[PDB]
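Colleague:
Protein chains in written order, with my numbering: chain H, 386 to 446; chain U, 386 to 446; chain X, 386 to 446; chain L, 386 to 446; chain G, 386 to 446; chain V, 386 to 446; chain D, 386 to 446; chain Y, 386 to 446; chain S, 386 to 446; chain B, 386 to 446.
1) Assuming residue 408 of chain S contacts residue 402 of chain G (C-beta within less than 8 angstroms), just tell me the rounded distance between them.
2) Any idea if residue 456 of chain V is buried or exposed, counting beta-carbon neighbours within 10 angstroms, 16 or more meaning buried?
3) Use the C-beta contact count for residue 441 of chain D: other C-beta atoms within 10 angstroms, 16 or more gives buried, fewer gives exposed.
4) Would you please verify whether the beta carbon of residue 410 of chain L is less than 9 angstroms from any beta carbon of chain D?
5) How far does the beta strand (DSSP E) with residue 440 of chain U in it extend, from its first residue to its last?
6) Measure how close the beta-carbons of residue 389 of chain D and residue 389 of chain V come, nearest whole angstrom, since I'm counting them as under 8 angstroms.
7) Quick one: Cα of residue 432 of chain D to Cα of residue 437 of chain B, how far?
8) So, for residue 424 of chain U: in the same chain, excluding its five sequence neighbours on each side, which residues have a beta-carbon less than 8 angstroms away from its beta-carbon?
9) Measure the Cβ-Cβ separation of residue 394 of chain G and residue 391 of chain L and say whether it is below 9 angstroms.
10) Does residue 427 of chain L come within less than 9 angstroms of chain Y when only Cβ atoms are used?
11) Per DSSP, what are the beta-bridge partners of residue 418 of chain V in this structure?
12) When burial is assigned at 16 or more other CB atoms within 10 Å of the CB, is residue 416 of chain H buried or exposed?
13) Quick check: residue 398 of chain S and residue 387 of chain B, are their CB atoms within less than 9 angstroms of each other?
14) Sort S:414, S:422 and S:413 by Cα distance to residue 406 of chain S and report the nearest one.
15) Residue 413 of chain V to residue 411 of chain D, Cα distance in whole Å?
16) Among residues of its own chain, excluding the 5 on either side of residue 467 of chain X, which ones have a beta-carbon nearer than 8 angstroms to its beta-carbon?
17) I'd like to confirm the pairing. Which residues does DSSP put opposite residue 405 of chain U in its beta bridges?
18) Look at the alpha carbon of residue 446 of chain G and the alpha carbon of residue 444 of chain L, and state the distance between them as a whole number of angstroms.
19) Can a CB atom of chain D be found closer than 9 angstroms to the CB of residue 403 of chain U?
20) Excluding the 5 residues preceding and the 5 following residue 418 of chain B in the sequence, name in chain order all residues of the same chain whose CB lies nearer than 7 angstroms to its CB.
21) How long is the line joining the alpha carbons of residue 428 of chain H and residue 396 of chain G, rounded to whole angstroms?
22) Give the straight-line distance between the Cα atoms of residue 352 of chain G and residue 430 of chain U, rounded to the nearest whole angstrom.
23) Quick check on residue 400 of chain G - is its C-beta less than 9 angstroms from some C-beta in chain S?
24) With a cut-off of 9 angstroms, does the C-beta of residue 432 of chain L fall near any C-beta of chain S?
25) Which partner residues does residue 426 of chain V have in the DSSP bridge list?
26) What are the partner residues of residue 395 of chain U, as DSSP defines its beta bridges?
27) Since residue 431 of chain Y sits in a beta bridge, which residues does DSSP pair it with?
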């Protein structure tokens, strides 16, 4: 027997509940990067890379 | 027997609850990077890299 | 028998509850990096790197 | 028998509850790095590195 | 028998509760690094490094 | 001016989040009363009565 | 001016978050009363009565 | 001016977070009353009565 | 001026966090009353009565 | 001026955090009254009575 893999869970998200009450919100940006409100995200990668909520102002070369 | 893997959990998030009440919010940015409000995120990587909530103002080369 | 792995948990987050009440919030940035409000995040990496809430003002080369 | 691994837990976070009440908050930044409000995060790394809440003003080379 | 590993716990955090009440908070930064409010974080590393709440003003080379 | 009532809140419930993970549940009853799993309920009464989660085995007269 | 009432809050519940993880639960009853799992409930009463989680085995008259 | 009431709070519950992890639970009853797991409940009463988590085995008359 | 009431708080509960980890629990009852696990409850009463976590075995008349 | 009441707090509970870890618990009862685990409860009463965690075996008349 070579039962290498079974009943496995790799990068999983599964019981999640959120509530958000706002009166105002004023996300505002100039030449930059905003990431906001990220919830319930999963992933798996082989021989690569991973990123979920990445911001970068810029990359000047 | 070579039961190498079983009933495994690698990068998992599974019982989560949040509440947010705001009257105002004024995320504001100039030439930079904002990451805000990140919740319930999982992942797995082989032979790569990982990042979840990364900010970077810029990369000038 | 070579029961190498079983019932394992590597990078897991699973019972979590948060409440946030604000009247104002004024995240503000100029040329920099803000990471704010990071909750319930898990991951696993082989032969790479890991980062969860990384900020960097900039990287001038 | 070579029961090398079993019922293991490596980088786990699992019973957590927080409450935050604010009237104002004024995170403010200029050319720097802010990390704020980091809760309930776990991870595992092989042959790499780890970081959870890292800030860096900048890296001038 | 070679029961090398079992019922192990390496880098775990699991019963935690916090409450924070503030009227104002004025995190403020110029060219530096702020890390603030870090709670309930665990991790494991093989052949690498570890860091949880690291701040660095800058690294000029 | 007789500004008797304004901007009032009488019996209100408004920011609420719950998560429940079970493998089994075996509510079982014989001749009795079970109330179970009651969440997020509000009401107002004038010149009457109120009840939310009331159980009564029986009323033999 | 007779500003009798304003910006009032009478019987209110408003920022609440819960998580429950169970493997088994075996609520069981014979001729009695069970109330279980009551969360986030509010109410107001004039000239009456109030009750939220009341159990009574029986009332034999 | 007769500013009798203003910005009042009478019977309020508002920032609350709980986590519960169980493997088994065996609530069991015979002819009696069980109240269990009561959280985040508020109310107001005029000229009446109040009760939140009341148990009574029975009332034989 | 007759500023009789203002910015008042009467029966309030507002910053609260709890964590409970159990392996078993065996609440068991015969002809009696159990109240268990009561958290974060507030109320106000005029010209009546109040009770929060009351148990009574029985009332034989 | 008749500034009779202002910025008052009557029966309030507001910054509270608890953690409980148990392996077993065996609350058990016969014909009696158990109250157990009562936390974070407030109330106000006019011209009535108050009780929070009252137990009574029985009242035979």
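Ideal Cβ placement from N, Cα and C applies to all residues, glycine included.
Modeller: Quick look at the numbers:
1) At roughly 19 angstroms, the Cβ-Cβ gap does not stay under 8 angstroms, so residue 408 of chain S and residue 402 of chain G are not in contact.
2) Outside the modelled stretch of chain V, which goes from 386 to 446, sits residue 456 of chain V, for which no answer is possible.
3) The residue in question, residue 441 of chain D, is buried, as its Cβ has 16 or more Cβ neighbours within 10 Å.
4) No, its Cβ sits nowhere closer than 9 angstroms to a Cβ of chain D.
5) Looking at the DSSP string, residue 440 of chain U is not in any beta strand (DSSP E), and its letter there is neither H nor E.
6) The Cβ separation is near 5 angstroms, so the contact holds.
7) The straight-line gap from Cα to Cα measures roughly 23 angstroms.
8) 401 and 403.
9) At a Cβ-Cβ threshold of 9 angstroms, residue 394 of chain G and residue 391 of chain L do not count as neighbours.
10) No - not a single Cβ of chain Y is within 9 angstroms of the one on residue 427 of chain L.
11) According to DSSP, residue 418 of chain V bridges with D:418.
12) Residue 416 of chain H should be labelled exposed.
13) Contact flag unset, no.
14) Here the closest residue by C-alpha is S:422.
15) Per the coordinates, the alpha-carbon of residue 413 of chain V lies some 8 angstroms from the alpha-carbon of residue 411 of chain D.
16) In the structure as shown, chain X starts at 386 and stops at 446, and residue 467 of chain X therefore has no counterpart that could be examined.
17) Its beta-bridge partners are H:405 and X:405.
18) One Cα belongs to residue 446 of chain G, the other to residue 444 of chain L, and the distance between them is close to 8 angstroms.
19) Cβ-Cβ to chain D under 9 angstroms: yes for residue 403 of chain U.
20) Cβ-Cβ distances below 7 angstroms link residue 418 of chain B to 440, 441 and 442 in the same chain, with the five nearest sequence neighbours on each side left out; the list follows chain order.
21) Between residue 428 of chain H and residue 396 of chain G, the C-alpha separation is close to 23 angstroms.
22) Lying outside 386 to 446, the shown extent of chain G, residue 352 of chain G is not represented and no answer is given.
23) So yes, residue 400 of chain G belongs to the interface.
24) Cβ-Cβ to chain S under 9 angstroms: no for residue 432 of chain L.
25) Beta-bridge pairing links residue 426 of chain V to D:426.
26) Assignment of beta-bridge partners to residue 395 of chain U by DSSP yields H:395 and X:395.
27) For residue 431 of chain Y, which the question treats as bridged, DSSP gives the partners D:431 and S:431.
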